[PDB]
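Q: The structure that follows is given in the form of structure tokens.
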Amino acid sequence: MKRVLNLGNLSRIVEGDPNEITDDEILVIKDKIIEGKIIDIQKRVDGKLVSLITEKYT
Amino acid sequence: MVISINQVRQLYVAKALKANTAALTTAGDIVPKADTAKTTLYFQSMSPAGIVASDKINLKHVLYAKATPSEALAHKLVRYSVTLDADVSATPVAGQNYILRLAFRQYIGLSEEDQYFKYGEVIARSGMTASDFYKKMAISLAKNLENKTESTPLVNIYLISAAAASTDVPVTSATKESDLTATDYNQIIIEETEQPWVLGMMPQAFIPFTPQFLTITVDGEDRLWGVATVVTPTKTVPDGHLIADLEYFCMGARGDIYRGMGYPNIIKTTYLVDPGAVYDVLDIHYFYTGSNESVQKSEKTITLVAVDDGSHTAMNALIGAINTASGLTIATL
């Protein structure tokens, strides 16, 4: 049960502007409707932000 | 001003072309006089204190002669068109500070080592358009400038609604967000500003500048948000204030070099050029060479000024006279 990643790459998990995060940072987005949920986790792929979580379908 | 000389130049104002001597009644009159053989040329001018004659011009020792149309001495005020580069983003990002730095060189001193900087800062928001950004940035610039209890600011800041694209709506530190109402403002303009001029102490001079945008973070990368394009100027500083300091200077080779130094104790010099008008100009360069051993040349200039009504009637009639008298061929501007 090892950490998913090291701390130098977990340290860069931040909260705030989608425009100001570099390629080295992971972006979190706290859901505003619910009080303790998450709505998306993003990191820059090619200058664009993309969700790390796989999209689900029926 | 203080100009360089080909060992001398003298200036004579031409307010009226006369056909002969004894017609020189008013001051500033002028008549070109030459031999019938066309050997020498000189100008009989009506000074305020009488009539006077130019130096003589050996027409076979004249080097060059050309007239200036008075549109070549007007200084066009440099104006930039600041905008947003759609490359980065055609609209403001929602959380970044858009600072704009105006880099002024050869500020009070003469050297470009004399630098002055003025900032216009703005932060954008979720719904800020490009027009709302432009007006808030113009206001910030004008308020960081034009705090002068002294005079008009270093640069004139305007805006443009796309409906006009020609009229420039000013923006002063007294302007309010309320009187700027259009919603299609598409640029911020910054125009070079004419500086003060007092005869013999403050020559016509300007302070050049460059809009230097700073870096914003758009996609994690740092990028410049603006485009400082140089548009064709629309306003010029006319000739009147160069000819004025020119006469001030060239009337000390013919007259008094002391100009106010012993203030009560002065040779009052009545100048004939008004710095409020525009003057064509005509320079003639020629030399004097001596005899057997004195072959060294003494080169001199004789420059004349004449108002431009937009068609150059005065100087062109003066040109015709000099050409019919001296047989020369000076081009009529």
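Convention: chains lettered A, B, ... in structure tokens order; per-chain residue numbering from 1; ligands numbered from 1 as shown.
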Write out as a compact mmCIF listing (two decimals) with C-alpha atoms, in the first residue's frame the set of residues from stretch 277-326 of chain B that DSSP, computed on the backbone, places in helix (DSSP H, G or I).
A:
# COMPACT_ATOMS: atom_id res chain seq x y z
CA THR B 313 2.74 81.22 -53.15
CA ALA B 314 5.11 83.54 -51.28
CA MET B 315 8.34 81.56 -51.58
CA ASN B 316 7.57 80.47 -55.14
CA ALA B 317 7.19 84.09 -56.23
CA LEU B 318 10.42 84.80 -54.35
CA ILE B 319 12.04 81.88 -56.19
CA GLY B 320 10.93 83.24 -59.55
CA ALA B 321 12.40 86.64 -58.74
CA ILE B 322 15.79 85.23 -57.71
CA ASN B 323 15.86 83.03 -60.81
CA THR B 324 14.99 85.84 -63.22
CA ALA B 325 17.57 88.06 -61.53
CA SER B 326 20.50 85.67 -61.03
Q: When you look at stretch 23-31 of chain A with a cut-off of 12 Å (counting only C-alpha atoms), what residues show up, excluding the ones that are within fewer than 4 positions of it in the same chain? I need them as number ranges by chain.
A: A: 5, 8-19, 35-53; B: 219-221
Q: Contacts from chain B to chain A, 9 Å maximum, only C-alpha atoms: show me the residue list as JSON, numbers by chain.
A: {"B": [93, 94, 95, 96, 216, 217, 218, 219, 220, 221, 222]}
Q: Write out, as a JSON list (two decimals), in the first residue's frame, the residues just selected, with N, CA, C and O atoms.
A:
[["chain", "number", "residue", "atom", "x", "y", "z"],
["B", 93, "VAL", "N", -8.10, 37.40, -19.34],
["B", 93, "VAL", "CA", -8.21, 36.29, -18.42],
["B", 93, "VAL", "C", -8.83, 36.80, -17.12],
["B", 93, "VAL", "O", -8.77, 37.99, -16.80],
["B", 94, "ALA", "N", -9.45, 35.89, -16.38],
["B", 94, "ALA", "CA", -10.37, 36.27, -15.32],
["B", 94, "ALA", "C", -9.71, 36.55, -13.98],
["B", 94, "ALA", "O", -10.41, 36.90, -13.02],
["B", 95, "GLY", "N", -8.39, 36.42, -13.87],
["B", 95, "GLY", "CA", -7.76, 36.60, -12.57],
["B", 95, "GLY", "C", -6.38, 37.23, -12.56],
["B", 95, "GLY", "O", -5.72, 37.24, -11.51],
["B", 96, "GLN", "N", -5.92, 37.77, -13.68],
["B", 96, "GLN", "CA", -4.56, 38.27, -13.80],
["B", 96, "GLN", "C", -4.53, 39.79, -13.81],
["B", 96, "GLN", "O", -5.48, 40.45, -14.25],
["B", 216, "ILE", "N", 1.65, 37.82, -18.17],
["B", 216, "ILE", "CA", 0.56, 37.21, -17.44],
["B", 216, "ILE", "C", 0.64, 35.70, -17.63],
["B", 216, "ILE", "O", 1.22, 35.20, -18.59],
["B", 217, "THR", "N", 0.04, 34.98, -16.68],
["B", 217, "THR", "CA", -0.04, 33.53, -16.74],
["B", 217, "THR", "C", -1.39, 33.14, -17.32],
["B", 217, "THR", "O", -2.43, 33.40, -16.71],
["B", 218, "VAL", "N", -1.37, 32.52, -18.50],
["B", 218, "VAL", "CA", -2.59, 32.19, -19.23],
["B", 218, "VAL", "C", -2.90, 30.71, -19.07],
["B", 218, "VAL", "O", -3.98, 30.33, -18.61],
["B", 219, "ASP", "N", -1.95, 29.87, -19.46],
["B", 219, "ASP", "CA", -2.09, 28.42, -19.40],
["B", 219, "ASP", "C", -0.90, 27.83, -18.63],
["B", 219, "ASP", "O", -0.27, 26.87, -19.05],
["B", 220, "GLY", "N", -0.60, 28.45, -17.49],
["B", 220, "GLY", "CA", 0.58, 28.09, -16.72],
["B", 220, "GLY", "C", 1.84, 28.72, -17.27],
["B", 220, "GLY", "O", 2.83, 28.86, -16.56],
["B", 221, "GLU", "N", 1.81, 29.10, -18.55],
["B", 221, "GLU", "CA", 2.93, 29.77, -19.18],
["B", 221, "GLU", "C", 2.81, 31.28, -19.02],
["B", 221, "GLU", "O", 1.71, 31.83, -18.94],
["B", 222, "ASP", "N", 3.97, 31.94, -18.98],
["B", 222, "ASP", "CA", 4.03, 33.39, -18.90],
["B", 222, "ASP", "C", 4.06, 33.97, -20.31],
["B", 222, "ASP", "O", 4.84, 33.52, -21.15]]
Q: Please, what distance in Å, to one decimal, runs between atom CA of residue B:154 and atom CA of residue B:207?
A: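 Pair atom CA of residue B:154 / atom CA of residue B:207 returns 7.5 Å.
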Q: Report, in Å with one decimal, the straight-line distance from atom CA of residue B:286 to atom CA of residue B:31.
A: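 Distance reported for this atom pair: 19.2 Å.
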Q: If you run DSSP on this backbone, which residues of stretch 47-216 of chain B come out as strand (DSSP E or B), and could you give them as a count of residues only?
A: 62
Q: Return the single residue from B:97, B:36, B:147, B:311 that is closest to residue B:333, with distances computed using only C-alpha atoms.
A: B:311
Q: What gap, in Å, lies between atom CA of residue B:86 and atom CA of residue B:118?
A: 25.2 Å
Q: What's around stretch 143-145 of chain B at 8 Å? Count only C-alpha atoms, leave out sequence neighbours fewer than 3 positions away in its own chain, and write the answer as a ChimeraX atom specification.
A: /B:118-120,139-140,148,153-154,172-173
Q: Write the residues you've just listed into a file as an mmCIF file, in the first residue's frame, and include C-alpha atoms for each of them.
A:
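Saved to result.cif:
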data_model
loop_
_atom_site.group_PDB
_atom_site.id
_atom_site.type_symbol
_atom_site.label_atom_id
_atom_site.label_comp_id
_atom_site.auth_asym_id
_atom_site.auth_seq_id
_atom_site.Cartn_x
_atom_site.Cartn_y
_atom_site.Cartn_z
ATOM 1 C CA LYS B 118 4.935 55.084 -15.538
ATOM 2 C CA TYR B 119 2.551 52.210 -14.915
ATOM 3 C CA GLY B 120 -1.075 51.537 -15.696
ATOM 4 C CA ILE B 139 -8.231 55.549 -16.718
ATOM 5 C CA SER B 140 -5.449 53.925 -14.696
ATOM 6 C CA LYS B 148 0.404 67.148 -12.971
ATOM 7 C CA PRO B 153 0.902 64.892 -19.318
ATOM 8 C CA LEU B 154 3.842 63.104 -20.918
ATOM 9 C CA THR B 172 -7.909 62.549 -18.357
ATOM 10 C CA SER B 173 -7.429 62.072 -14.625
#
